[PDB]
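Engineer: Sharing a structure with you now.
Numbers and lists here come from the model and the stated rules, or from a named source; no laboratory read-out is quoted. Cβ placement follows ideal geometry from the backbone for every residue including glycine, while neighbour counts extend to all protein chains displayed.
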Protein chains: 2
Amino acid sequence: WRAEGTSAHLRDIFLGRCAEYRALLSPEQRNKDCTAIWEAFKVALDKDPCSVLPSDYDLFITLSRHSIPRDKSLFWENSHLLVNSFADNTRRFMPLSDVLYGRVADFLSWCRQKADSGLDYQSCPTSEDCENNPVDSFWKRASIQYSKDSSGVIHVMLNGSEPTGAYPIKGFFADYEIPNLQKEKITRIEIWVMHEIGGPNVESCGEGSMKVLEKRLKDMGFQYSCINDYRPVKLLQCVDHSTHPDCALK
Amino acid sequence: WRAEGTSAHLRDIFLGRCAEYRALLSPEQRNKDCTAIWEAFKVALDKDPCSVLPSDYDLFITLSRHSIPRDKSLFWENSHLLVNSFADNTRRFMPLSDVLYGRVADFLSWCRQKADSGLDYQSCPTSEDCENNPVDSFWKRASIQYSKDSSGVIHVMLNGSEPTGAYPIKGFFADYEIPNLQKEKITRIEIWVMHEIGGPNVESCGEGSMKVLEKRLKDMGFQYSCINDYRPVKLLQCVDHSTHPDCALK
Ligand SMILES: Nc1ncnc2c1ncn2[C@@H]1O[C@H](COP(=O)(O)OP(=O)(O)OP(O)(O)=S)[C@@H](O)[C@H]1O
Ligand SMILES: Nc1ncnc2c1ncn2[C@@H]1O[C@H](COP(=O)(O)OP(=O)(O)OP(O)(O)=S)[C@@H](O)[C@H]1O
Ligand SMILES: *[C@@H]1O[C@H](CO)[C@@H](O[C@@H]2O[C@H](CO)[C@@H](O)[C@H](O)[C@H]2NC(C)=O)[C@H](O)[C@H]1NC(C)=O
Ligand SMILES: *[C@@H]1O[C@H](CO)[C@@H](O[C@@H]2O[C@H](CO)[C@@H](O)[C@H](O)[C@H]2NC(C)=O)[C@H](O)[C@H]1NC(C)=O
């Protein structure tokens, strides 16, 4: 397998994240069974590492699903760490990694061994090895739910320093989230194209892949907007480059 | 008991945090038994809620102690959340909450029932209810170790918008950390007096309690320096006040 093996102490990490997250929930939605949720998630670790389908996690989602505040969704591509830091544990926004079912598996890996009941800690199948692997199917399933339950002002953070452009036509956002957005409960979509401090400006709003994205969104009939280096986020990137001119304050 | 009761699912949270932290540990000091560590922690947990002494956590400390990178220590007062954010999980600096034994208890609460073998999820004793309570003796023991194991350039983040002054002459830093710093392995102490954006400038370097802190450190023989609103941290504060004039860029 050409990808990371399952995360060590997966169960403990999972249950822990689940426990801590419950605190961030509203008492009316606070009653979540972390053991049951782990139990349903665990089903994929009992199948062939190349035979797990998104729907296999339907029960898992059912047990952990909860509502997302209006205007709090934050989608993204190529900006994982910045999104988590900016989202600041649901304080500012609530990206998929700050929603119960996304929180418990964020950055982790998992998969059973090819011909054995045990978990493979050596490596796990990538999309190339086989399409229906545990981790991908998990995220496809989780992305869909996240898209379906999102409402109001939709935010999206893209990387304008990514060599392949800010918008991947075959990414999770393009294949599993844009299609699952309930247009009826979405007021508008606002893109933030971020660039590395002094970093390369491969694409900015309205250029290259961003034209492809914008077209699709408008075609689908969405009020749309785009901001290069959205300030709050730029300020956060700047924390690590205080002396750089782009970060100098008045 | 006037303090918060013990955190729900204390064990699951503790084990999860411990498990996750292991990854952030150097391959040499990655050998940590979380269950063991939890069991040692539980030794102080099962005593009378007002009969727990810092010494009661010696085993726990022994089993979870690990080195702190030279020049990466970050002490503080009245700026817990900001410190946790800036440190950004051992990436920039390594505050006590980013060291194994601090990370497992950060923000949590705990104590056994006045008269029963079960944990009291109703309330826990505060400093006034009684001195030797589980939580306070914990941070006393942890603070002492963190200080004992710090070296290089010592950093300290204080809140200059604190009504009562930046330096609490009776806080943990003054009573349990400053006394345990090892001068022979410390180069200098640098303080960052942070003020709320727009917020009040109750005290700045060289004013009020800051004069006391400076004088104490100097009488002890330390090289000392103080900075008002250390830029990197200021920028982080600015993330939430992007439009405020103190946060405008060039
Ligand atoms: N919101 C999300 N949170 C976490 N992982 C996600 C999310 N959406 C999709 N994923 C999947 O995360 C898996 C991990 O693969 P990597 O791309 O190596 O890691 P990463 O740190 O998530 O990098 P990114 O998403 O490309 S910036 C992929 O299968 C992603 O498609
Ligand atoms: N490095 C540390 N990490 C976490 N808690 C600490 C640390 N040093 C001391 N404590 C204790 O944290 C406990 C929690 O009390 P609070 O002061 O209400 O919370 P807090 O979030 O720590 O707020 P602060 O310290 O005033 S900004 C107190 O018993 C503190 O003395
Ligand atoms: C935005 O994309 C850039 C380019 O891929 C990321 O920066 C690269 O990060 C990798 C891994 O850390 C490095 O090997 C490259 O050298 C980096 N290139 C540059 C120009 O910095 C950047 O990390 C991405 N931003 C976010 C938030 O994920
Ligand atoms: C620095 O100290 C100030 C003042 O004690 C803290 O701000 C207070 O925070 C409470 C709770 O959030 C509010 O109810 C008060 O209105 C705030 N006072 C002021 C003047 O803003 C502030 O949180 C501290 N900073 C940090 C990083 O902990």
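Engineer: What do you reckon, is A:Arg231 within 14 Å of chain B (Cβ to nearest Cβ), closer than 22 Å to A:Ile154 by Cβ and out of contact with any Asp or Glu (no Cβ under 7 Å at 6 or more places or on another chain)?
Structural biologist: yes
Engineer: Does at least one position in the stretch A:185-197 carry a residue that is assigned to a helix (DSSP H, G or I) and either farther than 20 Å from A:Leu96 by Cβ or touching a helix residue (DSSP H, G or I) at 6+ places or on another chain (Cβ under 7 Å) (or both)?
Structural biologist: no
Engineer: Of all residues in the stretch B:162-219, how many are of a type in the set (S, T, N, Q) and in contact with a strand residue (DSSP E or B) (Cβ under 8 Å, 6 or more places away or on another chain)?
Structural biologist: Adding up the residues that qualify gives 2.
Engineer: Give me the pairs, please: first residue somewhere in the stretch B:181-204 and under 12 Å from B:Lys234 (Cβ atoms) and away from every other protein chain (no Cβ under 14 Å), second residue anywhere and away from ligand 4 (no atom under 15 Å from the Cβ) and part of a strand (DSSP E or B), beta-carbon distance under 8 Å, and either six or more positions apart or on two chains.
Structural biologist: B:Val193/B:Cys226; B:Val193/B:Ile227
Engineer: How many residues, within the stretch A:1-21, are at the interface with chain B (Cβ under 10 Å from one of its Cβ atoms) and either outside any helix (DSSP H, G or I) or surrounded by fewer than 19 Cβ atoms within 10 Å (Cβ to Cβ) (or both)?
Structural biologist: Total meeting the criteria: 4.
Engineer: Same structure, new question: Mind listing just one residue for me: the one in the stretch B:206-245 that is among the aliphatic types (A, V, I, L, M) and under 18 Å from B:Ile189 (Cβ atoms) and, of those, surrounded by the most Cβ atoms within 10 Å (Cβ to Cβ)?
Structural biologist: Selected residue: B:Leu213.
Engineer: Which members of the stretch A:87-107 meet the condition of being in contact with a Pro (Cβ under 7 Å, 6 or more places away or on another chain) and within 16 Å of ligand 3 (Cβ to nearest atom)?
Structural biologist: The answer is A:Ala87, and nothing else.
Engineer: Kindly evaluate B:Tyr176 against the criterion of being more than 14 Å from every other protein chain (Cβ to nearest Cβ) and away from ligand 1 (no atom under 16 Å from the Cβ).
Structural biologist: Yes; evaluated as a whole, the condition is true for this residue.
Engineer: So which residues in the stretch A:234-249 are facing chain B (nearest Cβ under 10 Å) and either over 12 Å from B:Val233 (Cα atoms) or in a helix (DSSP H, G or I) (or both)?
Structural biologist: Correct list: A:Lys234, A:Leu235, A:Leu236, A:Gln237, A:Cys238, A:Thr243, A:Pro245, A:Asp246, A:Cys247, A:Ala248, A:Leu249.
Engineer: Look at B:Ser161 and say whether it is assigned to a loop (DSSP other than H, G, I, E, B), near ligand 2 (Cβ under 10 Å from one of its atoms) and among the small types (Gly, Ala, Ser).
Structural biologist: Considered against the rule, which asks whether it is assigned to a loop (DSSP other than H, G, I, E, B), near ligand 2 (Cβ under 10 Å from one of its atoms) and among the small types (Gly, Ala, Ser), B:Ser161 comes out as no.
Engineer: Of everything in the stretch A:165-180 that's assigned to a loop (DSSP other than H, G, I, E, B) and touching a residue at least 40 places away in the same chain (Cβ under 8 Å), which residue is nearest to the chain's Cα centre (by Cα)?
Structural biologist: Applying the filter and picking the extreme gives A:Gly171.
Engineer: Would you check which residues across the stretch B:32-65 are of a type in the set (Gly, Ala, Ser) and away from every other protein chain (no Cβ under 14 Å) and list them?
Structural biologist: If the condition is that a residue be of a type in the set (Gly, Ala, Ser) and away from every other protein chain (no Cβ under 14 Å), then B:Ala40, B:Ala44, B:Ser51, B:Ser55, B:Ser64 are the ones that fit.
Engineer: Please state which one of A:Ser127, A:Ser137, A:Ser143, A:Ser123 is over 19 Å from the mean Cα position of the chain (by Cα) and assigned by CATH to the domain that holds A:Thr6.
Structural biologist: Within the list A:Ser127, A:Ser137, A:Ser143, A:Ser123, the selection yields A:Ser123.
Engineer: Something else now. Please give the helices (runs of 4 or more DSSP H) falling wholly within the stretch A:65-155 in which 3 or more residues are among the charged types (D, E, K, R) and surrounded by fewer than 21 Cβ atoms within 10 Å (Cβ to Cβ).
Structural biologist: A:134-148
Engineer: Is it the case that the stretch B:49-60 has a residue that's away from ligand 2 (no atom under 14 Å from the Cβ), outside the structural domain of B:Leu181 (by CATH) and touching a strand residue (DSSP E or B) at 6+ places or on another chain (Cβ under 7 Å)?
Structural biologist: Within the stretch B:49-60 (the criterion being away from ligand 2 (no atom under 14 Å from the Cβ), outside the structural domain of B:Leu181 (by CATH) and touching a strand residue (DSSP E or B) at 6+ places or on another chain (Cβ under 7 Å)), the answer is yes, since at least one residue qualifies.
Engineer: Take the residues of the stretch B:43-64 that are of a type in the set (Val, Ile, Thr), assigned to a helix (DSSP H, G or I) and over 16 Å from the mean Cα position of the chain (by Cα): which is farthest from ligand 3 (Cβ to nearest atom)?
Structural biologist: The residue in question is B:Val43.
Engineer: Oh, and also: Hey, any hits in the stretch B:208-217 for a residue that's touching a residue at least 12 places away in the same chain (Cβ under 8 Å), in a helix (DSSP H, G or I), of a type in the set (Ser, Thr, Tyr) and more than 7 Å from every other protein chain (Cβ to nearest Cβ)?
Structural biologist: Yes, some residue in the stretch B:208-217 is touching a residue at least 12 places away in the same chain (Cβ under 8 Å), in a helix (DSSP H, G or I), of a type in the set (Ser, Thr, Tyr) and more than 7 Å from every other protein chain (Cβ to nearest Cβ).
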